[PDB]
Structure formats: C-alpha cells, structure tokens
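Here we start with a single chain on its own, the form deposited in one PDB entry, put down as structure tokens.
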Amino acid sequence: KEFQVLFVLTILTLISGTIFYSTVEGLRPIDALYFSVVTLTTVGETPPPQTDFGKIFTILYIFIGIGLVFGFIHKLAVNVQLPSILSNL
C-alpha cells in the first residue's frame, strides 16, 4: 500500500507536469513527460522553460515534487528492487 500510494502520487505529479509543459511550453506530451521526469529527479539535461509562466511553475513544481519523487525512488529501491537481488544473493 505504501509503494502503491507513492507510485500513484508520482504518476499524478508527472501527469500534471506533462499536461502543463505540453500546453504552456508547447511540448509534445512525451517531451513534457521527460522534462517533468528529469527535472523532479534533478538530472536536468534539457534547456530551461521558455515562458515566464513555465519558469514560475517549474520552481513550485521542483519544491513540491522532488520530495515525493525521491520518496518513491527510495521505497522502490529498498522495498521492491533490493529484496529481489538480496534474497537471490
């Protein structure tokens, strides 16, 4: 249930960026999904937003979304991917 909710809370957040950048920044959804994924995960290998609105949202989106996104990657890591290898080794 914890991995379920972190997973849902993440998808929704990603869905929200995707709708946002693909409307406001004019990205195709796949590129907007990617800009959301690499921004929240802090990879950051894209150019920055071009509209001021996309800039203000990216700031709010990063503060709100990073903690949830990293929360999932953490619970994903230690509660789903690890045991698999760990019991197996």
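Throughout, rigid core stands for the largest set of C-alpha atoms superposing within 1.5 Å between the two forms. Residue numbers run from 1 along the displayed sequence.
So 3-11 or 80-88, which one's hotter by mean CA B-factor in the entry?
Of 80-88 and 3-11, the stretch with the higher C-alpha B-factor average is 80-88.
Which is higher on mean Cα B factor in this entry, 67-75 or 12-20?
Mean C-alpha B-factor is greater for 67-75.
Beyond the structure shown, there is the form deposited in another entry, which is absent from this document and is the topic of what follows.
Using a rigid core superposition, assess whether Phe72 undergoes a CA shift of 2 Å or more between this form and the one not shown.
Yes.
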